[PDB]
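Student: My structure is below; once you've seen it, I'll send some questions.
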Amino acid sequence: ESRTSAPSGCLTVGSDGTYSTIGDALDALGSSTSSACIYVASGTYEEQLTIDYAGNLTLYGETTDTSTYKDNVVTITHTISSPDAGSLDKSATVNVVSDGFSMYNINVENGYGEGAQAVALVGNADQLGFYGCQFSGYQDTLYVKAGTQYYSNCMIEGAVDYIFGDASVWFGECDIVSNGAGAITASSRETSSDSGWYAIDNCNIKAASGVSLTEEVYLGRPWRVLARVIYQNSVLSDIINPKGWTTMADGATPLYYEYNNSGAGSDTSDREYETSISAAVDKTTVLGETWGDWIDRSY
Ligand SMILES: [Cl-]
């Protein structure tokens, strides 16, 4: 589909919309538990946002093709590092603390670059759905901090611990793009009672254009001792180091898996830190039996 005007009932942001900034539209929602939506027209929005609406909010970006991130014309951008901001969450261009939030066809970036942690988006709530979005940074791009989260047909870019936190998260049909040497995932799962997983499913892992990273990228390292990550049914380019995974938390016992991957980076004969698994995991395992209630099935 093309989305070139506000869907039914949505507030409008843009040069010729009701609100000039995304922040103004978010403010306009006020305190309400009713479902709401905002349509953002083309532009670069130099804003830092906290999404804490009490109801179920959907944010839609303008695009000629909703099925991909490649035609997005809405960018939310801000630049600050976590040391300067005072925390990881405070460094985030977008901070999602609203259950049931969905975002479609929006790019989010932190422009800090290499040298310190600088979050593009933090997801810190349950039933978060992201469709056709881009998330760009270098160190700590996507803070999947907590809660059940689903990313479909998104582009996640960075170099160092750029998908990190303790969310239970499913990445489906995403392009995961390294722009520097480092580990892609850094899960902070830390207790046996934690039922969470990262599942990277039918994704494409590759270098950013113009950057040479052959064997310089790791699938992950353990931010805490019980990090659990599976890459399944995915394409892994020659960026993946033969060891596959690397170290971080002392005394870590990560649960790291691969199942039915392909590509130049998928040979498992020299891997370290892995566990055997005989089948791919499903979304019921990662997101709970109720995933069908909140995931948008058109992706
Ligand atoms: Cl918190």
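Every chain in the structure tokens has a letter given in the order shown (A, B, ...), and although residue numbers restart at 1 in each chain, ligands are simply numbered from 1 in the order shown.
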Restrict the calculation to only C-alpha atoms, then for each residue of stretch 53-141 of chain A with any atom at most 10 Å from an atom of stretch 175-182 of chain A give the closest atom pair and their distance in Å to one decimal, rows by chain and rising residue number, as a tab-separated table.

Tutor:
residue	atom	partner	partner_atom	distance
A:69	CA	A:175	CA	9.6
A:114	CA	A:180	CA	8.8
A:134	CA	A:175	CA	9.4
A:135	CA	A:176	CA	9.8
A:136	CA	A:177	CA	9.3
A:137	CA	A:179	CA	8.8
A:138	CA	A:179	CA	7.0
A:139	CA	A:182	CA	9.0

Student: Next, the residues of the selection above should be written as a compact mmCIF listing (two decimals), in the first residue's frame with N, CA and C atoms.

Tutor:
# COMPACT_ATOMS: atom_id res chain seq x y z
N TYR A 69 11.05 -0.52 4.58
CA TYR A 69 11.63 0.70 5.16
C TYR A 69 12.31 1.60 4.09
N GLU A 114 30.42 7.25 16.37
CA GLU A 114 31.27 6.40 17.20
C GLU A 114 31.92 7.22 18.32
N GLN A 134 13.38 2.33 10.31
CA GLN A 134 14.83 2.29 10.40
C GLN A 134 15.31 2.81 11.74
N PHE A 135 16.35 2.18 12.26
CA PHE A 135 16.98 2.61 13.48
C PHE A 135 18.47 2.66 13.24
N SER A 136 19.05 3.85 13.41
CA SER A 136 20.44 4.10 13.04
C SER A 136 21.26 4.74 14.16
N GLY A 137 22.45 4.17 14.38
CA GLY A 137 23.43 4.71 15.32
C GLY A 137 24.75 4.00 15.11
N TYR A 138 25.59 3.97 16.15
CA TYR A 138 26.86 3.26 16.10
C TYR A 138 26.95 2.32 17.31
N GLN A 139 27.11 2.91 18.49
CA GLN A 139 27.12 2.17 19.72
C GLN A 139 25.77 2.26 20.43

Student: List all protein, DNA and RNA residues that have any atom at most 12 Å from ligand 1, counting only C-alpha atoms and all ligand atoms, and write the list as a list in words.

Tutor: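 Checking only C-alpha atoms and all ligand atoms against ligand 1 at 12 Å gives residues 87, 88, 89, 90, 95, 96, 97, 98, 122, 123, 124, 125, 144, 145, 146, 147, 165, 166 and 167 of chain A.
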
Student: Those same residues - N, CA, C and O atoms - I'd like them written as an mmCIF file, in the first residue's frame.

Tutor:
data_model
loop_
_atom_site.group_PDB
_atom_site.id
_atom_site.type_symbol
_atom_site.label_atom_id
_atom_site.label_comp_id
_atom_site.auth_asym_id
_atom_site.auth_seq_id
_atom_site.Cartn_x
_atom_site.Cartn_y
_atom_site.Cartn_z
ATOM 1 N N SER A 87 22.032 9.104 31.218
ATOM 2 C CA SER A 87 21.716 7.673 31.197
ATOM 3 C C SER A 87 21.506 7.209 29.766
ATOM 4 O O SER A 87 21.372 8.035 28.861
ATOM 5 N N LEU A 88 21.478 5.894 29.563
ATOM 6 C CA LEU A 88 21.112 5.343 28.251
ATOM 7 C C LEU A 88 19.749 5.833 27.772
ATOM 8 O O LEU A 88 19.628 6.297 26.647
ATOM 9 N N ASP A 89 18.736 5.727 28.634
ATOM 10 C CA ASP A 89 17.372 6.152 28.293
ATOM 11 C C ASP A 89 17.283 7.622 27.929
ATOM 12 O O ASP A 89 16.568 7.982 26.999
ATOM 13 N N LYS A 90 18.016 8.461 28.654
ATOM 14 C CA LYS A 90 18.015 9.908 28.398
ATOM 15 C C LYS A 90 18.737 10.292 27.120
ATOM 16 O O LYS A 90 18.535 11.401 26.643
ATOM 17 N N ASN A 95 11.930 7.408 23.182
ATOM 18 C CA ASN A 95 11.834 6.574 24.368
ATOM 19 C C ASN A 95 10.410 6.065 24.472
ATOM 20 O O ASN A 95 9.510 6.830 24.778
ATOM 21 N N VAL A 96 10.199 4.783 24.194
ATOM 22 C CA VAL A 96 8.848 4.224 24.201
ATOM 23 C C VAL A 96 8.564 3.518 25.518
ATOM 24 O O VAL A 96 9.102 2.432 25.793
ATOM 25 N N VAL A 97 7.703 4.123 26.319
ATOM 26 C CA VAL A 97 7.262 3.513 27.579
ATOM 27 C C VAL A 97 5.744 3.277 27.601
ATOM 28 O O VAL A 97 5.124 3.156 28.666
ATOM 29 N N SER A 98 5.149 3.137 26.423
ATOM 30 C CA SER A 98 3.703 2.993 26.315
ATOM 31 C C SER A 98 3.369 1.599 25.776
ATOM 32 O O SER A 98 3.674 1.277 24.611
ATOM 33 N N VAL A 122 14.648 3.479 22.425
ATOM 34 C CA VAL A 122 14.516 2.515 23.503
ATOM 35 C C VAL A 122 13.072 2.030 23.533
ATOM 36 O O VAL A 122 12.113 2.828 23.514
ATOM 37 N N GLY A 123 12.940 0.717 23.549
ATOM 38 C CA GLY A 123 11.662 0.066 23.749
ATOM 39 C C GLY A 123 11.575 -0.448 25.160
ATOM 40 O O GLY A 123 12.312 -1.354 25.535
ATOM 41 N N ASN A 124 10.686 0.139 25.957
ATOM 42 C CA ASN A 124 10.575 -0.222 27.373
ATOM 43 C C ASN A 124 9.113 -0.341 27.790
ATOM 44 O O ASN A 124 8.625 0.402 28.644
ATOM 45 N N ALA A 125 8.445 -1.305 27.177
ATOM 46 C CA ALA A 125 7.021 -1.580 27.377
ATOM 47 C C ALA A 125 6.657 -2.868 26.629
ATOM 48 O O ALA A 125 7.457 -3.419 25.869
ATOM 49 N N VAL A 144 16.522 -2.540 23.267
ATOM 50 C CA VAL A 144 15.341 -3.364 23.511
ATOM 51 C C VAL A 144 15.350 -3.704 25.015
ATOM 52 O O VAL A 144 15.709 -4.793 25.438
ATOM 53 N N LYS A 145 14.989 -2.713 25.811
ATOM 54 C CA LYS A 145 15.300 -2.726 27.230
ATOM 55 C C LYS A 145 14.487 -3.755 27.997
ATOM 56 O O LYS A 145 15.028 -4.520 28.808
ATOM 57 N N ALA A 146 13.178 -3.750 27.758
ATOM 58 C CA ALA A 146 12.282 -4.682 28.432
ATOM 59 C C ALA A 146 10.967 -4.801 27.685
ATOM 60 O O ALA A 146 10.602 -3.920 26.899
ATOM 61 N N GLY A 147 10.248 -5.876 27.982
ATOM 62 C CA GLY A 147 8.944 -6.138 27.400
ATOM 63 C C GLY A 147 8.965 -6.927 26.103
ATOM 64 O O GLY A 147 10.026 -7.160 25.514
ATOM 65 N N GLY A 165 19.762 -5.160 25.652
ATOM 66 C CA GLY A 165 18.752 -5.078 26.715
ATOM 67 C C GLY A 165 18.129 -6.423 26.991
ATOM 68 O O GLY A 165 18.628 -7.464 26.516
ATOM 69 N N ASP A 166 17.031 -6.397 27.746
ATOM 70 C CA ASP A 166 16.372 -7.604 28.260
ATOM 71 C C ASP A 166 14.920 -7.780 27.786
ATOM 72 O O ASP A 166 14.114 -8.494 28.423
ATOM 73 N N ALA A 167 14.586 -7.146 26.675
ATOM 74 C CA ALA A 167 13.319 -7.401 26.008
ATOM 75 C C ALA A 167 13.259 -8.844 25.571
ATOM 76 O O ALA A 167 14.305 -9.466 25.327
#

Student: Quick one: of A:247, A:42, A:237, A:148, who's nearest to residue A:198, counting only C-alpha atoms?

Tutor: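 For residue A:198, the nearest of the candidates is A:148.
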
Student: Write out as a list in words the residues lying within 8 Å of residue A:277, counting only C-alpha atoms and excluding same-chain residues fewer than 3 positions away.

Tutor: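 The filter keeps residues 257, 258, 259 and 280 of chain A.
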
Student: Against stretch 201-211 of chain A, which residues of stretch 246-276 of chain A fall within 12 Å? For each one I want the closest pair of atoms and the distance in Å (one decimal), counting only C-alpha atoms, rows by chain and increasing residue number, as CSV.

Tutor:
residue,atom,partner,partner_atom,distance
A:257,CA,A:201,CA,11.8
A:258,CA,A:201,CA,10.2
A:259,CA,A:201,CA,9.5
A:260,CA,A:202,CA,9.7
A:261,CA,A:202,CA,8.5
A:262,CA,A:204,CA,9.7
A:263,CA,A:205,CA,9.3
A:264,CA,A:206,CA,10.3
A:265,CA,A:205,CA,9.1
A:266,CA,A:205,CA,10.5
